[PDB]
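Here the structure comes first, spelled out in structure tokens, and everything after it is commentary.
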Amino acid sequence: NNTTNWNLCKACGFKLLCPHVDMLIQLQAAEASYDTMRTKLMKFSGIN
Amino acid sequence: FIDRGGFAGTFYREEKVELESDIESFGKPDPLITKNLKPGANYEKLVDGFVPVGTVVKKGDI
Amino acid sequence: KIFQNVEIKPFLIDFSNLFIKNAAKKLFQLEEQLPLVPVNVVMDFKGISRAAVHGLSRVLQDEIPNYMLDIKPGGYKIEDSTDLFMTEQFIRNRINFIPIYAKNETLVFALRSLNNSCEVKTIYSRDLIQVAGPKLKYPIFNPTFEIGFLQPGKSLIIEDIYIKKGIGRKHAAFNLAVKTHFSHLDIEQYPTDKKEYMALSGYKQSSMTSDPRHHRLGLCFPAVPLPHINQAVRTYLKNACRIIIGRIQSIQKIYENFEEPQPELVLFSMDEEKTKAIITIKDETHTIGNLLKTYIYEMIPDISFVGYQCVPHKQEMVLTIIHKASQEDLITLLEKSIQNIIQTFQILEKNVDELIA
Amino acid sequence: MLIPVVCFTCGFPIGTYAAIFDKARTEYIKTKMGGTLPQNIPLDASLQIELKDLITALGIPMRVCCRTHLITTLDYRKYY
Ligand SMILES: [Zn+2]
Ligand SMILES: [Zn+2]
């Protein structure tokens, strides 16, 4: 579930975690500054 | 009286933007190279860096 | 015979005046009357409430459909219009308010002015070339208007000048009739030249008490062809009638559906056998509300309450009717009042057809 | 910038008799001007220039608003 749709829970079947949340958690645990966090989460940008 | 042109006219504003010599330039940015583009903007109305004369620019337009 | 004794008089240019004669003859080579002239029509009404006459006047002013000339988006050609002073807003404001008497919505005009001279050249309305639609056998606007002026070496190119339909209330360019007279012929008047009476209106009865039913209304139409004046004015009058009837018929479709829950009609059963009806209609004016109040009041002399509150910032008319009958009887009386309005304006239609030959 | 097409108040078609009313008026002024420089006309203190009959001959009614806007409207061509 790299992009464009939700991660789904195999145990139940409903939505589990959006990928940008995973990337945000990785960056927060990876000493990422706000600018280095704002620019990396740009492939998840909303409606153009 | 309002619709017929009573006290009706045109109101003007100006936009004067300057450059830094050989650093900056006038042109349409591209999403895949340029950084921190303004959220909710509209870059498609630019033609060679400037919006063409005669078009209607609204809030959020570059 | 509600509507009798109508008289029609055009507004014509007096060519006995040497100054006007010379100016017209050297400007437009004009020696006789213009194709379209204003027409003043004075009408006498008898046995009809002033609410109906004033509603007819209001409809003829700014509630009747009417045609103007408008510029489609992109019609003003920036690539060719080199004039720095004739902006799009100014020119389109000039064009919108030219009084026209059109036959169809298909005509499309164009304005192509080139200034090859060394002096400012005035763009008149005779420079509007019809480019689409059937060829005109009679002009739809006067050729003596001043659309604009071009500085030397400038140009003005405008395409897609079409005919747009609308009501005068939304935009003033659709206004049709301009008021010239309104009086009550069944109320005596003081001589207001005297200093004792110049601070009063003149009528010998206060508006808080008077109920006139014999009126004179005079309206002026801005553009009517010379050889068909009686054909045009009559049409206008008839048009107004239908419009009012149509609007009234809309309310007639509300009362018919009082059993089902309808948003525009609310019925309450109050104390002491009293019933209440609230009719909220959007985008209605004082015409329909005043007509409804007047005719309900005439139908029910002992009504508890009636009001037609039209709110400016709510864009709606709320008619409140409180009466000591049941819901069914109240609806029956309302339908009777609506039928009275319909028959009154049908009689107006018939009298308009009968009078103007 | 010109005399309006319709009266600002009521909407009578003033514009269709505007241009003529301009030019004719000039000759009338030339009749009544009298040994005086043009730019000093509004300071002559002896002029009686009345345009009632001219507007009446144009067919325009005796409405206050219509004649007011016909007479008083400035023309951009005459100042620029
Ligand atoms: Zn789960
Ligand atoms: Zn007027």
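Each chain in the structure tokens gets a letter, A, B, ..., in the order shown, and its residues are numbered from 1; ligands are numbered from 1 in order too.
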Inset, instruction - Would you mind listing the residues within 9 Å of ligand 1, counting only C-alpha atoms and all ligand atoms, as an MDAnalysis selection string? - result: chainID A and resid 8:16
Sorted by chain and rising residue number, which residues of chain C lie within 12 Å of ligand 2, and what are their closest atom pairs and distances in Å to one decimal, counting only C-alpha atoms and all ligand atoms, as a tab-separated table?
residue	atom	partner	partner_atom_place_in_ligand_line	distance
C:177	CA	ligand 2	1 (Zn)	11.7
C:178	CA	ligand 2	1 (Zn)	8.4
C:179	CA	ligand 2	1 (Zn)	9.5
C:180	CA	ligand 2	1 (Zn)	10.0
C:220	CA	ligand 2	1 (Zn)	11.2
C:222	CA	ligand 2	1 (Zn)	11.4
Inset, instruction - Give me the residues within 9 Å of stretch 37-42 of chain C as an MDAnalysis selection string, counting only C-alpha atoms and dropping any in the same chain fewer than 2 places off. - result: (chainID C and resid 5:12 33:35 44 142 180:181 216:226 229 233) or (chainID D and resid 12:13)
The selected residues should be written to file as a CSV table (one decimal), in the first residue's frame (atoms: C-alpha atoms).
chain,number,residue,atom,x,y,z
C,5,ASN,CA,-60.5,56.2,-22.3
C,6,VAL,CA,-56.9,55.5,-23.2
C,7,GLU,CA,-55.0,58.1,-25.2
C,8,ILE,CA,-51.6,57.6,-26.9
C,9,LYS,CA,-49.2,60.3,-28.0
C,10,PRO,CA,-45.6,59.9,-29.4
C,11,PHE,CA,-42.7,62.1,-28.6
C,12,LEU,CA,-41.5,63.7,-31.8
C,33,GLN,CA,-38.8,61.5,-37.6
C,34,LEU,CA,-36.6,58.7,-36.1
C,35,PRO,CA,-37.6,55.1,-36.7
C,44,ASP,CA,-58.2,55.7,-17.1
C,142,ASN,CA,-32.2,54.6,-33.2
C,180,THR,CA,-45.2,60.1,-16.1
C,181,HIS,CA,-48.6,60.4,-14.3
C,216,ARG,CA,-55.5,57.7,-14.1
C,217,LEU,CA,-52.1,56.2,-14.9
C,218,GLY,CA,-49.7,57.5,-17.6
C,219,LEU,CA,-46.6,55.7,-18.6
C,220,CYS,CA,-43.9,56.4,-21.3
C,221,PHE,CA,-42.3,53.7,-23.4
C,222,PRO,CA,-38.8,54.5,-24.7
C,223,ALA,CA,-38.7,52.9,-28.1
C,224,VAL,CA,-41.7,52.1,-30.3
C,225,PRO,CA,-41.8,52.0,-34.2
C,226,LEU,CA,-43.7,54.9,-35.8
C,229,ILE,CA,-47.5,52.3,-32.2
C,233,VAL,CA,-48.3,49.6,-26.8
D,12,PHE,CA,-35.7,58.0,-20.5
D,13,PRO,CA,-33.7,57.7,-23.8
Legend entry - Nearest residue to chain A from the set B:8, B:23, B:47, B:33 (distances using only C-alpha atoms): B:33
Legend entry - Residues of chain D within 10 Å of chain B, counting only C-alpha atoms, as a PyMOL selection string: chain D and resi 4-11
Legend entry - Shell of 10 Å around residue B:35, only C-alpha atoms, local chain residues under 4 positions omitted, as an MDAnalysis selection string: (chainID A and resid 39 42) or (chainID B and resid 29:31)
Inset, instruction - Please identify all polymer residues within 10 Å of residue B:51, counting only C-alpha atoms, omitting same-chain residues fewer than 5 positions from it, and present them as number ranges by chain. - result: B: 28, 43-46, 56-57, 61-62
Legend entry - Selected residue of minimal separation from chain B among C:94, C:276, C:213, C:184, counting only C-alpha atoms: C:94
